[PDB]
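For reference, the structure is listed below as structure tokens.
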Amino acid sequence: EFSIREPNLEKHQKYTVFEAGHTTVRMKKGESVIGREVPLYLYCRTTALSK
Amino acid sequence: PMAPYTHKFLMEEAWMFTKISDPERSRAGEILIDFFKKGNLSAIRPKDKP
Amino acid sequence: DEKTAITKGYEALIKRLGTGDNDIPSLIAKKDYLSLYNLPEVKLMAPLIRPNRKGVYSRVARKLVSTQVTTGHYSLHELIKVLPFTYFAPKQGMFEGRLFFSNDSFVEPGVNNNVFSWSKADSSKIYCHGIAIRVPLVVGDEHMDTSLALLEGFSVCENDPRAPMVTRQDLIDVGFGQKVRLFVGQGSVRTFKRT
Amino acid sequence: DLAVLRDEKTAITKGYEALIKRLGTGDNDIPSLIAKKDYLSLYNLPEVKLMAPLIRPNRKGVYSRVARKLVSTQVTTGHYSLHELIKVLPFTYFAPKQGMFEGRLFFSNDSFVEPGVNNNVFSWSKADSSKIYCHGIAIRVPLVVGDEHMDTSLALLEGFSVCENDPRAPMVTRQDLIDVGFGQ
Amino acid sequence: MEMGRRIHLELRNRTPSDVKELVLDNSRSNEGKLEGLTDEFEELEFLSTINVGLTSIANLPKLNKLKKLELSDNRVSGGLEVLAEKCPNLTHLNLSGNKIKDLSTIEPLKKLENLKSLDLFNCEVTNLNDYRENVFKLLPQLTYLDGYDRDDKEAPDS
């Protein structure tokens, strides 16, 4: 999974996290939509499901 | 210790790419291929140290 | 009520036709659209237009009416739908396909809606708030050409899936003579060609 | 012979190679013009003239105004990003006009370049500042002039060469190599 | 490069007493600590330190004529009280991209009576509930936040 929020060791105990370069957010600027770069993170995790 | 995250997905802590939808390509494989073609996901290259 | 005000404004716009000179069809046949932007009924309906986006909606409506009238291809329904907004100074801005009214409601060009709905094979019956209104005239082809009432500087063309989907923002950059598929409503995709 | 892409992306890639081919030393070239703050000359270089037809003619003026503006800001202050300059110089051929800038600089082939964010059509990274990825094709940039990120002793090594010994010329530090004049 | 050489380069024989602007972007600073700055810089009115692996503010000298600062892309956290003594005449500040967790770290900025605009983007604090309002109630003198005033009034260019 993707995220833009650094992790907490206590909460994210089942997830392994990486730093996959950078992404870009996009927001209003009056009449035009601009973008600003930010770092991106990668939430790996192995889990089980069933029918 | 505190109870850790459990749900399969990540509520709130998710960043979502986005692309305009197509009714002729409304499937998982087609959507993933289309997202890959623009080269965003391909650019992702995770670093060794976690 | 605001809805009833809009209804009476639209009734006045419809009656203005009057099958006579100094009315909508005579100015149409004359191709003098500027006068349409100064009628009394639009002046009466103007206060019902949201102030913040008044300039942008005036701009878009003015462009649409001008483009349609210039070609002689038009459709009375979309015209009357968008006319009220062209009584102000057009100001640059961002349009998102919804000409919001002062009451928080909306009228989006080229899609039927409760506030104003036009059904094919029912040109005489103009459904406003689920109320049928007879038109004072008769038409069988003056309305059939709506290819120019959807967007501002484009025209419909034959369907083509190969063309890539696009959105309102990117339209400014599309090169000349390039087809562009894009939604015209809910799950309704229509190709367009700049012109 | 070992290629599957069409004439369009190949033409754009060739144009960018040609633009990077004028980054070499000597007068009448990009680095020397930047040193002389003569940004105006960049707009009449032969390779931009050759690459101009591709630019989307409908809005060529608006793009030209934005890219012609950015270079000046980069050129005048002395803080510039060589890669952005190369990316946006093809648009500086035509006369400026008036219009709204959405954010992307299109070509005639529905392929754009956004000024600042790496994309498939043109990519690079601050780690390896000696590669340009045009449609997944690696274009080596010569190392004739440093940039704010890439700046170091290495980024100039290619520019220099050995010559016949002359004892009159001065003896300088390694760091001062950045400041020496071309053809000195 | 390095803040020392970068600065010595920007200073083309100019004394460090007649400049009105300075830039140090895309450099590196040992220990994430400033190095080479002093009180000699008096006429300075602008500063920009971006992506230099910075983490704290301890070697910052006293700068009075300073009226604008930028610390983006670094990992600063905690030190925000020096501003009330070194740059009391400061008006514009920006911290997007740094490590900021709670509001207690922000409270000292109340003493900057000359403060007008602040920019907080991509920080952990931003992920809270009713944060714009709580900050505004903390710093009343403030009017602009991240380029937007109360009621989402976009600020002008400059």
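Chain labels A, B, ... are given in the sequence in which chains occur in the structure tokens; within each chain residues are numbered consecutively from 1, and ligands are likewise numbered from 1 in the order shown.
Residues surrounding range 22-39 of chain A within 7 Å are residues 4 of chain A; 93 and 94 of chain C; 102 of chain D; 154 of chain E [only C-alpha atoms; sequence separation below 4 positions excluded].
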Write out as CSV a residue-level contact list of chain E versus chain A with cut-off 8 Å: for each qualifying residue the closest pair of atoms and the distance in Å to one decimal, counting only C-alpha atoms, rows sorted by chain and residue number upward.
```
residue,atom,partner,partner_atom,distance
E:97,CA,A:38,CA,7.8
E:122,CA,A:38,CA,7.6
E:124,CA,A:5,CA,7.7
E:154,CA,A:30,CA,6.5
```
| task | Starting from chain B, keep only residues with some atom at most 10 Å from an atom of chain A, counting only C-alpha atoms, and report them as a PyMOL selection string. | result | chain B and resi 1-10+12-17+40+43-50
Please find the residues of chain E near chain D - the criterion being any atom within 10 Å, counting only C-alpha atoms - and write them as a JSON list (two decimals) with C-alpha atoms, in the first residue's frame.
```
[["chain", "number", "residue", "atom", "x", "y", "z"],
["E", 1, "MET", "CA", 28.41, 21.28, -1.84],
["E", 5, "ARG", "CA", 32.22, 27.23, 0.15],
["E", 6, "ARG", "CA", 28.74, 28.06, -1.14],
["E", 10, "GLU", "CA", 28.04, 33.89, -3.34],
["E", 23, "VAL", "CA", 20.52, 31.67, -0.79],
["E", 24, "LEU", "CA", 21.93, 28.33, 0.37],
["E", 25, "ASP", "CA", 19.65, 25.82, -1.34],
["E", 26, "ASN", "CA", 20.76, 22.32, -2.32],
["E", 27, "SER", "CA", 23.83, 22.22, -0.10]]
```
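Those residues of chain C that fall within 9 Å of chain D when using only C-alpha atoms read residues 169, 170, 172, 173, 174, 175 and 176 of chain C.
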Could you tell me which residues of chain C sit within 8 Å of chain B when counting only C-alpha atoms, and give me the result as a short mmCIF file (atom, residue, chain, number, x, y, z; two decimals) with C-alpha atoms, in the first residue's frame?
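Result saved to selection-v2.cif:
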```cif
data_model
loop_
_atom_site.label_atom_id
_atom_site.label_comp_id
_atom_site.auth_asym_id
_atom_site.auth_seq_id
_atom_site.Cartn_x
_atom_site.Cartn_y
_atom_site.Cartn_z
CA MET C 165 -10.49 10.05 -22.04
CA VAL C 166 -9.91 13.61 -20.80
CA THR C 167 -11.39 16.11 -18.35
CA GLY C 187 -21.76 6.91 -17.79
#
```
- Task: Would you return as a list in words the members of chain A that DSSP assigns to strand (DSSP E or B) on this structure's backbone?
- Result: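 Here are the strand (DSSP E or B) residues of chain A: residues 2, 3, 16, 17, 18, 22, 23, 24, 25, 26, 27, 28, 29, 32, 33, 34, 35, 36, 37, 38, 39, 41, 42, 43 and 44 of chain A.
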Any chance you could export the current selection's N, CA and C atoms as a PDB file, in the first residue's frame?
```pdb
ATOM      1  N   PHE A   2       0.259   2.371  -0.358  1.00  0.00           N
ATOM      2  CA  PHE A   2       0.933   3.658  -0.392  1.00  0.00           C
ATOM      3  C   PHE A   2       0.554   4.502   0.818  1.00  0.00           C
ATOM      4  N   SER A   3       1.443   5.426   1.180  1.00  0.00           N
ATOM      5  CA  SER A   3       1.116   6.390   2.223  1.00  0.00           C
ATOM      6  C   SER A   3       2.050   7.583   2.115  1.00  0.00           C
ATOM      7  N   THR A  16       5.794  -3.566   7.304  1.00  0.00           N
ATOM      8  CA  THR A  16       7.159  -3.179   6.975  1.00  0.00           C
ATOM      9  C   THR A  16       7.111  -2.001   6.014  1.00  0.00           C
ATOM     10  N   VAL A  17       7.866  -0.950   6.300  1.00  0.00           N
ATOM     11  CA  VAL A  17       7.702   0.310   5.588  1.00  0.00           C
ATOM     12  C   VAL A  17       8.988   0.654   4.857  1.00  0.00           C
ATOM     13  N   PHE A  18       8.834   1.225   3.665  1.00  0.00           N
ATOM     14  CA  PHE A  18       9.940   1.653   2.826  1.00  0.00           C
ATOM     15  C   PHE A  18       9.723   3.107   2.428  1.00  0.00           C
ATOM     16  N   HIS A  22       9.555   9.914  -4.219  1.00  0.00           N
ATOM     17  CA  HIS A  22       8.719  11.085  -4.007  1.00  0.00           C
ATOM     18  C   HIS A  22       7.512  11.062  -4.930  1.00  0.00           C
ATOM     19  N   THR A  23       6.427  11.665  -4.455  1.00  0.00           N
ATOM     20  CA  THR A  23       5.201  11.869  -5.207  1.00  0.00           C
ATOM     21  C   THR A  23       4.902  13.368  -5.254  1.00  0.00           C
ATOM     22  N   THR A  24       3.694  13.715  -5.695  1.00  0.00           N
ATOM     23  CA  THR A  24       3.285  15.111  -5.796  1.00  0.00           C
ATOM     24  C   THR A  24       1.815  15.269  -5.444  1.00  0.00           C
ATOM     25  N   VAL A  25       1.538  16.136  -4.468  1.00  0.00           N
ATOM     26  CA  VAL A  25       0.172  16.524  -4.151  1.00  0.00           C
ATOM     27  C   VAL A  25      -0.268  17.630  -5.103  1.00  0.00           C
ATOM     28  N   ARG A  26      -1.582  17.815  -5.221  1.00  0.00           N
ATOM     29  CA  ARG A  26      -2.137  18.889  -6.035  1.00  0.00           C
ATOM     30  C   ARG A  26      -3.253  19.591  -5.279  1.00  0.00           C
ATOM     31  N   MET A  27      -3.175  20.920  -5.234  1.00  0.00           N
ATOM     32  CA  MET A  27      -4.099  21.738  -4.466  1.00  0.00           C
ATOM     33  C   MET A  27      -4.523  22.958  -5.270  1.00  0.00           C
ATOM     34  N   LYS A  28      -5.547  23.633  -4.750  1.00  0.00           N
ATOM     35  CA  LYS A  28      -5.996  24.900  -5.305  1.00  0.00           C
ATOM     36  C   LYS A  28      -4.929  25.980  -5.177  1.00  0.00           C
ATOM     37  N   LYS A  29      -4.989  26.939  -6.103  1.00  0.00           N
ATOM     38  CA  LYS A  29      -4.217  28.174  -6.095  1.00  0.00           C
ATOM     39  C   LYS A  29      -5.064  29.155  -6.908  1.00  0.00           C
ATOM     40  N   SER A  32      -6.238  28.199 -10.478  1.00  0.00           N
ATOM     41  CA  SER A  32      -5.477  27.113 -11.087  1.00  0.00           C
ATOM     42  C   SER A  32      -5.009  26.108 -10.045  1.00  0.00           C
ATOM     43  N   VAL A  33      -4.874  24.858 -10.479  1.00  0.00           N
ATOM     44  CA  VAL A  33      -4.474  23.751  -9.618  1.00  0.00           C
ATOM     45  C   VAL A  33      -2.974  23.544  -9.781  1.00  0.00           C
ATOM     46  N   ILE A  34      -2.228  23.692  -8.689  1.00  0.00           N
ATOM     47  CA  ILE A  34      -0.781  23.526  -8.716  1.00  0.00           C
ATOM     48  C   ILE A  34      -0.408  22.260  -7.958  1.00  0.00           C
ATOM     49  N   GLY A  35       0.820  21.801  -8.182  1.00  0.00           N
ATOM     50  CA  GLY A  35       1.351  20.645  -7.486  1.00  0.00           C
ATOM     51  C   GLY A  35       2.593  20.957  -6.674  1.00  0.00           C
ATOM     52  N   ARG A  36       2.730  20.255  -5.549  1.00  0.00           N
ATOM     53  CA  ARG A  36       3.890  20.361  -4.669  1.00  0.00           C
ATOM     54  C   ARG A  36       4.387  18.973  -4.297  1.00  0.00           C
ATOM     55  N   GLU A  37       5.687  18.750  -4.465  1.00  0.00           N
ATOM     56  CA  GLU A  37       6.273  17.437  -4.242  1.00  0.00           C
ATOM     57  C   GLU A  37       6.337  17.106  -2.756  1.00  0.00           C
ATOM     58  N   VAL A  38       6.274  15.812  -2.454  1.00  0.00           N
ATOM     59  CA  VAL A  38       6.393  15.315  -1.084  1.00  0.00           C
ATOM     60  C   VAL A  38       7.029  13.930  -1.124  1.00  0.00           C
ATOM     61  N   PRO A  39       7.579  13.431  -0.022  1.00  0.00           N
ATOM     62  CA  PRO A  39       8.036  12.040   0.008  1.00  0.00           C
ATOM     63  C   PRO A  39       6.888  11.051   0.116  1.00  0.00           C
ATOM     64  N   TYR A  41       5.822   6.777   0.936  1.00  0.00           N
ATOM     65  CA  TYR A  41       6.200   5.579   1.670  1.00  0.00           C
ATOM     66  C   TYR A  41       5.382   4.382   1.203  1.00  0.00           C
ATOM     67  N   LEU A  42       5.952   3.200   1.451  1.00  0.00           N
ATOM     68  CA  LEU A  42       5.460   1.926   0.929  1.00  0.00           C
ATOM     69  C   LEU A  42       5.233   0.935   2.065  1.00  0.00           C
ATOM     70  N   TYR A  43       3.962   0.659   2.358  1.00  0.00           N
ATOM     71  CA  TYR A  43       3.531  -0.200   3.461  1.00  0.00           C
ATOM     72  C   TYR A  43       3.335  -1.635   2.976  1.00  0.00           C
ATOM     73  N   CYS A  44       4.354  -2.474   3.140  1.00  0.00           N
ATOM     74  CA  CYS A  44       4.237  -3.904   2.896  1.00  0.00           C
ATOM     75  C   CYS A  44       3.607  -4.602   4.100  1.00  0.00           C
TER      76      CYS A  44
END
```
- Contacts of residue 183 in chain D at 9 Å (only C-alpha atoms; same-chain gap of 4+ positions) as a ChimeraX atom specification: /D:25-27
Grab the residues selected above and save them as a PDB file, in the first residue's frame with C-alpha atoms.
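What ended up in result-v7.pdb:
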```
ATOM      1  CA  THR D  25      32.710  23.888 -24.418  1.00  0.00           C
ATOM      2  CA  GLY D  26      33.557  26.808 -26.665  1.00  0.00           C
ATOM      3  CA  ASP D  27      31.987  30.139 -27.474  1.00  0.00           C
TER       4      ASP D  27
END
```
**Prompt:** How many Å lie between CA of residue 49 in chain D and CA of residue 68 in chain D, rounded to one decimal?
**Reply:**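 Going from CA of residue 49 in chain D over to CA of residue 68 in chain D, I get 14.6 Å.
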Contacts of residue 92 in chain D at 8 Å (only C-alpha atoms; same-chain gap of 5+ positions) as JSON, numbers by chain: {"D": [42, 43, 48, 64, 65, 67, 68]}
Based on the backbone DSSP call, show me all residues of chain B assigned alpha helix (DSSP H), as JSON, numbers by chain.
{"B": [28, 29, 30, 31, 32, 33, 34, 35, 36, 37, 40, 41, 42, 43]}
Just write the chosen residues, C-alpha atoms, as a PDB file, in the first residue's frame.
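Written output follows (part_6.pdb):
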```
ATOM      1  CA  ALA B  28      -8.599  -4.756 -12.557  1.00  0.00           C
ATOM      2  CA  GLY B  29      -6.013  -5.797 -15.128  1.00  0.00           C
ATOM      3  CA  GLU B  30      -6.867  -3.029 -17.574  1.00  0.00           C
ATOM      4  CA  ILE B  31      -6.834  -0.378 -14.842  1.00  0.00           C
ATOM      5  CA  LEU B  32      -3.496  -1.539 -13.463  1.00  0.00           C
ATOM      6  CA  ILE B  33      -1.950  -1.675 -16.936  1.00  0.00           C
ATOM      7  CA  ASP B  34      -3.193   1.824 -17.727  1.00  0.00           C
ATOM      8  CA  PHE B  35      -1.787   3.191 -14.475  1.00  0.00           C
ATOM      9  CA  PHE B  36       1.552   1.537 -15.234  1.00  0.00           C
ATOM     10  CA  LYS B  37       1.733   2.943 -18.776  1.00  0.00           C
ATOM     11  CA  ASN B  40       4.285   6.615 -12.279  1.00  0.00           C
ATOM     12  CA  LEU B  41       4.209   3.233 -10.540  1.00  0.00           C
ATOM     13  CA  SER B  42       7.175   2.032 -12.591  1.00  0.00           C
ATOM     14  CA  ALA B  43       9.180   4.976 -11.267  1.00  0.00           C
TER      15      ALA B  43
END
```
Who sits within 12 Å of residue 29 in chain E, only C-alpha atoms, same chain under 5 positions skipped, as an mmCIF file with N, CA and C atoms, in the first residue's frame:
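Result file selection_2.cif:
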```
data_model
loop_
_atom_site.group_PDB
_atom_site.id
_atom_site.type_symbol
_atom_site.label_atom_id
_atom_site.label_comp_id
_atom_site.auth_asym_id
_atom_site.auth_seq_id
_atom_site.Cartn_x
_atom_site.Cartn_y
_atom_site.Cartn_z
ATOM 1 N N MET E 1 27.018 20.860 -2.150
ATOM 2 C CA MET E 1 28.410 21.284 -1.837
ATOM 3 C C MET E 1 28.610 21.385 -0.315
ATOM 4 N N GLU E 2 28.731 22.607 0.207
ATOM 5 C CA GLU E 2 28.952 22.867 1.625
ATOM 6 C C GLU E 2 28.677 24.340 1.874
ATOM 7 N N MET E 3 27.995 24.634 2.985
ATOM 8 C CA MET E 3 27.591 26.010 3.251
ATOM 9 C C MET E 3 28.777 26.965 3.255
ATOM 10 N N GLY E 4 29.943 26.511 3.705
ATOM 11 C CA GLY E 4 31.097 27.385 3.758
ATOM 12 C C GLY E 4 31.526 27.850 2.383
ATOM 13 N N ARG E 5 31.799 26.887 1.501
ATOM 14 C CA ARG E 5 32.221 27.226 0.150
ATOM 15 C C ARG E 5 31.100 27.911 -0.619
ATOM 16 N N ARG E 6 29.866 27.424 -0.474
ATOM 17 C CA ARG E 6 28.736 28.061 -1.143
ATOM 18 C C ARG E 6 28.653 29.539 -0.782
ATOM 19 N N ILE E 7 28.737 29.853 0.512
ATOM 20 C CA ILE E 7 28.656 31.243 0.946
ATOM 21 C C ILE E 7 29.835 32.035 0.402
ATOM 22 N N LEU E 24 21.076 29.457 0.017
ATOM 23 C CA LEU E 24 21.933 28.335 0.375
ATOM 24 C C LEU E 24 21.277 27.009 0.015
ATOM 25 N N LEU E 34 24.068 24.802 11.276
ATOM 26 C CA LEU E 34 24.587 25.956 10.560
ATOM 27 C C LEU E 34 26.074 26.136 10.847
ATOM 28 N N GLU E 35 26.791 26.702 9.876
ATOM 29 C CA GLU E 35 28.239 26.869 9.992
ATOM 30 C C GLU E 35 28.687 27.999 9.082
ATOM 31 N N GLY E 36 29.224 29.067 9.674
ATOM 32 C CA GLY E 36 29.716 30.208 8.928
ATOM 33 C C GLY E 36 28.912 31.478 9.098
ATOM 34 N N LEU E 37 27.799 31.437 9.821
ATOM 35 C CA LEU E 37 26.972 32.615 10.022
ATOM 36 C C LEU E 37 27.362 33.333 11.309
ATOM 37 N N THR E 49 17.176 28.336 3.222
ATOM 38 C CA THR E 49 17.963 27.129 3.451
ATOM 39 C C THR E 49 17.047 25.942 3.212
ATOM 40 N N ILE E 50 17.287 25.219 2.122
ATOM 41 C CA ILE E 50 16.381 24.185 1.647
ATOM 42 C C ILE E 50 17.185 22.932 1.346
ATOM 43 N N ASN E 51 16.709 21.794 1.848
ATOM 44 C CA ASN E 51 17.261 20.484 1.516
ATOM 45 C C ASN E 51 18.761 20.442 1.809
ATOM 46 N N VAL E 52 19.098 20.665 3.077
ATOM 47 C CA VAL E 52 20.493 20.695 3.496
ATOM 48 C C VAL E 52 20.694 19.726 4.654
ATOM 49 N N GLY E 53 19.757 18.800 4.828
ATOM 50 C CA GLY E 53 19.872 17.829 5.903
ATOM 51 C C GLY E 53 19.914 18.468 7.274
ATOM 52 N N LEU E 54 19.173 19.554 7.462
ATOM 53 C CA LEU E 54 19.181 20.264 8.729
ATOM 54 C C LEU E 54 18.192 19.626 9.698
ATOM 55 N N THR E 55 18.514 19.707 10.988
ATOM 56 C CA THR E 55 17.677 19.099 12.016
ATOM 57 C C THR E 55 17.443 19.973 13.237
ATOM 58 N N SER E 56 18.157 21.082 13.403
ATOM 59 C CA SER E 56 18.018 21.895 14.601
ATOM 60 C C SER E 56 18.451 23.320 14.285
ATOM 61 N N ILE E 57 18.241 24.206 15.256
ATOM 62 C CA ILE E 57 18.612 25.615 15.142
ATOM 63 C C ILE E 57 19.326 25.995 16.438
ATOM 64 N N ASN E 59 23.182 27.240 16.242
ATOM 65 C CA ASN E 59 24.243 28.179 15.912
ATOM 66 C C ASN E 59 23.732 29.441 15.227
ATOM 67 N N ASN E 74 13.857 20.140 5.417
ATOM 68 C CA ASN E 74 14.720 19.647 6.476
ATOM 69 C C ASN E 74 13.880 18.910 7.517
#
```
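The space separating CA of residue 18 in chain B from CA of residue 39 in chain B comes to 13.1 Å.
Non-sequential neighbours of residue 88 in chain E (distance at most 7 Å, separation of 5 or more positions within a chain, only C-alpha atoms) are residues 64, 83 and 112 of chain E.
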